[PDB]
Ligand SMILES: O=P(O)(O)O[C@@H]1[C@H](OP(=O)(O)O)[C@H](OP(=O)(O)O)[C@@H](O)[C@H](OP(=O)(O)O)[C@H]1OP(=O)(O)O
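So this first bit is one chain, no partners, the form deposited without this ligand, shown in C-alpha cells.
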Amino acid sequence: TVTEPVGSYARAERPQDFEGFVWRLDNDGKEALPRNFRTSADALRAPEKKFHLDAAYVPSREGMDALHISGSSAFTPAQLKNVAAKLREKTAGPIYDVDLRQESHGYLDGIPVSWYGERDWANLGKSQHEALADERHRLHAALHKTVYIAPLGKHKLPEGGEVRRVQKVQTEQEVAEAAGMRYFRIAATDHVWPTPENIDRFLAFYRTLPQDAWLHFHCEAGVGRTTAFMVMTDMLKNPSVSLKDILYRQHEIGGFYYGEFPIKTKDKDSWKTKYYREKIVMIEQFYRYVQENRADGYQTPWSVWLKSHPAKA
C-alpha cells in the first residue's frame, strides 16, 4: 500500500507551508506580446543545448497544420488582445483562452497579478472549486483597498514594485471575453505534473470542442504547464505521430522538452528534481493512455485508467 502514486508526488507536500503572501506582478506590460508566445504553425528551431538532443533530427510535422494550438506566459489585457488578433488571422473557429493556473490571479487596475506563496503554491491542495473561490474573494477584497504589487527578484522575494489604491478589479475570464476569446480554466499547480482531476477535466473539454477550435494555453511563465497540455493535445489529435516526434516538435516551436534529459538544478532548486523526473515518466504514461484508449473513443477516464495502470518511477 503506497501513500502517493507516481504522478501525485505533490500531494505529499503541506499546503500550509506555502501560503500566499504578496500580489506578484505577472507581466510588466512592456512588450506587445506575452513571453514564449508560439503556435503549432511555427517553424521548428534548433533544440536548447540543455536538453542534449539531436539537432540533426528532423521531426515529422504530420498533423501540425491542423493542430491549431498556441502557448504563452501570462499577459496584460492589451497583450491578450494582440494575441487574439494574431490567432484570428489563422482560424475562423472559436479561440479559447485555456488558463492553466491553479494560483489565484486576476487584474487590478488592468495589471495582471497573482497571489504568490513560496514555489507559487498558494492554492496547493485545493479543489478547483476552492481555488476559484479563494480567487474571487481575494480579488473582490482588493477593490478600493491599498495593495502592494511587486515583481520577484532576489531569491523569489518581492523587490521594488508599487503601491496603489485599486479602482478596478477583473477576473481573467472577463479579460479573455473582452479580447474575443472563450475561457476555460484548469487549476494546475505550478512546477508539477497536472493532477488526474486536471487532466480528466481537460479531456472532457477536449471531446466537445468544435473541429475548428483553436486552443491558446498559458500559465505564468508559459513553459511547464503550458507545454504539458500542448503535448497532450498534440498526442490526442495526432495519435499516429511517434512520442519522439511529439516531444521534439513541441520543444522546437519554443516549449519545454518533456523527454529524458540530464536534469541539473541549482542547490536552492534541488526540490524540483523529482518533479521533473515525475513529469518525464507521466508524459510517457499519458502517451500510453492515448494509444490504448483511442480505439473505443476513451470510454475510460484518464484518472480511472491511471489507477489500474500506475506509472513507475
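The first residue of the shown sequence is 1; numbering continues from there.
This protein has a second form, the form deposited with this ligand bound, left out of what is shown; the following refers to that one.
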| query | finding |
| --- | --- |
| In the deposited complex, the one of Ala84, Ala221, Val241, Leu236 near this ligand [non-hydrogen atom within 4.5 angstroms] | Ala221 |
| Contact residue in the deposited complex, from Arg288, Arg61, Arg277, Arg35 (heavy atom within 4.5 Å of this ligand) | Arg35 |
| Close approach of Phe256 to this ligand in the deposited complex, 4.5 Å, heavy atom | yes |
| Contact of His191 with this ligand in the deposited complex (heavy atom, 4.5 Å) | yes |
| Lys126, heavy atom within 4.5 angstroms of this ligand in the deposited complex | no |
| Non-hydrogen atom contact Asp99 with this ligand in the deposited complex at 4.5 angstroms | no |
| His105, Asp134 and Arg207 all contacting this ligand in the deposited complex, non-hydrogen atom within 4.5 Å | no |
| Candidate stretches 39-47, 61-69, 244-252, 269-277 - the one whose heavy atoms come within 4.5 Å of this ligand in the deposited complex | 269-277 |
| Heavy atom contacts to this ligand in the deposited complex at 4.5 Å, residues of 154-181 in sequence order | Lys156 |
